[PDB]
Amino acid sequence: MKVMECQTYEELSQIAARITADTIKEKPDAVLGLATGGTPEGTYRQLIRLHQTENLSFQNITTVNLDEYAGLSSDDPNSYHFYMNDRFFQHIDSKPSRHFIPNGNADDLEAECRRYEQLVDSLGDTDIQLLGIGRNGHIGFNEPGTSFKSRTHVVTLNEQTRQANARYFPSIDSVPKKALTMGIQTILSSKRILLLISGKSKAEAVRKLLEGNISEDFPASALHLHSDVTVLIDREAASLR
């Protein structure tokens with residue numbers, strides 16, 4: 001696991017965008033695994049800037065997202081479909097049909113998860129997977145106690161996760177209770193993992209991650225099993241290391 005300490009969130013975001021662009025340009029038709037939340041927002045902004053300043057083309061890319069909330073339609077402003085379109089897809093020259101995200105408004109959520117797992121396998125897995133980390137070590141919405149063999153599945157969100165994400169909702173009472181997420185094994189199948197971590201709130205998780213103990217009680221510790229992980233950490237997140 002290669003750890004790079006970044007002086008600022010802006011530097012983190014520039015570095016992450018550059019690694020992502022490398023992936024896009026390394027081969028005609030890359031498959032990118034993407035993530036939402038606060039942490040990658042700068043990375044998306046910088047990727048869009050590269051589209052303008054370095055003539056970066058997304059014409060041939062395919063993407064897969066980590067997760068989606070259960071019961072939210074794609075036009076719901078808190079859906080991850082909406083996030084991805086707003087922050088990224090609307091601003092680039094990709095083919096919209098090659099952006100894949102779990103359907104939180106499928107009739108049968110268990111069946112949707114099986115079909116999504118099958119879709120990801122059929123793409124040949126990802127060339128890179130962007131990740132964030134929860135305060136509790138979660139990756140995707142794979143909470144403490146998740147098997148390292150897990151595949152795409154329906155989960156019940158921990159209270160800490162709903163607490164953290166309420167900032168994006170009108171109130172806590174609007175935060176969904178369940179989500180669909182790529183599993184840990186799904187994530188580990190990527191060729192390359194890029195874990196982004198920012199802010200003092202994640203300083204406890206960074207400490208635990210770098211110490212190297214492996215247990216299902218800290219999901220991100222599964223990344224110690226992968227052959228090509230880069231972790232970008234800004235100064236605030238590195239403060240309790």
# chains A, B, ... in the order shown; residues from 1 in each chain; ligands from 1
>>> select_by_dssp(residues="region 102-211 of chain A", states="strand (DSSP E)", output="VMD selection string")
chain A and resid 128 to 131 153 to 156 178 to 181 193 to 197
>>> residues_around(residues="residue 125 (chain A)", least_positions_apart="2", cutoff="7 Å", atoms="only C-alpha atoms", output="MDAnalysis selection string")
chainID A and resid 120:121 123 127 189:190
>>> write_last_selection(atoms="N, CA and C atoms", output="short mmCIF file (atom, residue, chain, number, x, y, z; two decimals), in the first residue's frame")
data_model
loop_
_atom_site.label_atom_id
_atom_site.label_comp_id
_atom_site.auth_asym_id
_atom_site.auth_seq_id
_atom_site.Cartn_x
_atom_site.Cartn_y
_atom_site.Cartn_z
N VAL A 120 -20.88 -6.02 -13.66
CA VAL A 120 -19.49 -5.67 -13.38
C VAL A 120 -18.55 -6.78 -13.85
N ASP A 121 -18.89 -8.02 -13.59
CA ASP A 121 -18.06 -9.11 -14.06
C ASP A 121 -17.93 -9.10 -15.58
N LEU A 123 -18.03 -6.64 -17.59
CA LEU A 123 -17.13 -5.59 -18.09
C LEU A 123 -15.65 -5.93 -18.04
N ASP A 127 -10.50 -1.04 -14.09
CA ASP A 127 -9.13 -0.68 -14.19
C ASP A 127 -8.64 0.13 -13.00
N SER A 189 -11.50 -6.85 -6.67
CA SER A 189 -11.26 -7.35 -8.00
C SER A 189 -10.72 -6.29 -8.96
N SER A 190 -10.77 -5.03 -8.55
CA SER A 190 -10.21 -3.97 -9.37
C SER A 190 -8.72 -4.15 -9.60
#
>>> residues_around(residues="residue 99 (chain A)", least_positions_apart="2", cutoff="6 Å", atoms="only C-alpha atoms", output="compact mmCIF listing (two decimals) with N, CA, C and O atoms, in the first residue's frame")
# COMPACT_ATOMS: atom_id res chain seq x y z
N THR A 62 -16.04 3.57 -19.73
CA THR A 62 -17.17 2.96 -19.06
C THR A 62 -16.97 3.25 -17.57
O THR A 62 -15.80 3.32 -17.08
N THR A 63 -18.07 3.48 -16.85
CA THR A 63 -17.96 3.64 -15.39
C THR A 63 -18.93 2.75 -14.66
O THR A 63 -20.03 2.47 -15.15
N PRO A 96 -23.42 8.21 -22.49
CA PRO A 96 -24.23 8.04 -21.29
C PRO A 96 -24.64 6.63 -21.01
O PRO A 96 -24.86 6.29 -19.86
N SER A 97 -24.78 5.80 -22.04
CA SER A 97 -25.20 4.41 -21.83
C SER A 97 -24.14 3.55 -21.16
O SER A 97 -24.48 2.48 -20.70
>>> residues_around(residues="residue 126 (chain A)", least_positions_apart="3", cutoff="6 Å", atoms="only C-alpha atoms", output="MDAnalysis selection string")
chainID A and resid 31:33 190
>>> select_by_dssp(residues="region 34-218 of chain A", states="alpha helix (DSSP H)", output="PyMOL selection string")
chain A and resi 41-53+80-87+109-122+159-165+184-188+203-211
>>> closest_residue(among="A:35, A:240, A:231, A:184", to="residue 202 (chain A)", atoms="only C-alpha atoms")
A:240
>>> residues_around(residues="region 171-183 of chain A", least_positions_apart="2", cutoff="7 Å", atoms="only C-alpha atoms", output="mmCIF file with C-alpha atoms, in the first residue's frame")
data_model
loop_
_atom_site.group_PDB
_atom_site.id
_atom_site.type_symbol
_atom_site.label_atom_id
_atom_site.label_comp_id
_atom_site.auth_asym_id
_atom_site.auth_seq_id
_atom_site.Cartn_x
_atom_site.Cartn_y
_atom_site.Cartn_z
ATOM 1 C CA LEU A 66 -19.999 1.727 -5.715
ATOM 2 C CA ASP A 67 -23.476 2.221 -4.433
ATOM 3 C CA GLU A 68 -26.909 3.771 -4.409
ATOM 4 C CA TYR A 69 -29.578 4.384 -1.734
ATOM 5 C CA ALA A 70 -32.516 1.979 -1.694
ATOM 6 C CA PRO A 102 -27.161 0.260 -9.044
ATOM 7 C CA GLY A 104 -32.191 1.902 -6.116
ATOM 8 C CA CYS A 113 -27.779 -6.583 -6.830
ATOM 9 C CA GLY A 140 -18.729 1.527 -0.114
ATOM 10 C CA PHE A 141 -21.538 0.879 2.431
ATOM 11 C CA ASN A 142 -19.746 -2.207 3.621
ATOM 12 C CA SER A 150 -18.993 -10.110 0.037
ATOM 13 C CA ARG A 151 -20.412 -9.300 -3.386
ATOM 14 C CA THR A 152 -22.964 -6.631 -4.371
ATOM 15 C CA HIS A 153 -25.689 -6.639 -1.707
ATOM 16 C CA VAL A 154 -28.456 -4.803 0.105
ATOM 17 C CA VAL A 155 -27.366 -3.359 3.391
ATOM 18 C CA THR A 156 -28.905 -1.596 6.376
ATOM 19 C CA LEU A 157 -26.922 1.559 7.073
ATOM 20 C CA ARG A 162 -26.865 8.053 8.500
ATOM 21 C CA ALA A 166 -27.611 13.775 7.103
ATOM 22 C CA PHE A 169 -30.513 15.836 3.388
ATOM 23 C CA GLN A 185 -14.680 -8.821 -3.017
ATOM 24 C CA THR A 186 -16.198 -6.741 -5.840
ATOM 25 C CA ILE A 187 -13.926 -3.827 -4.870
#
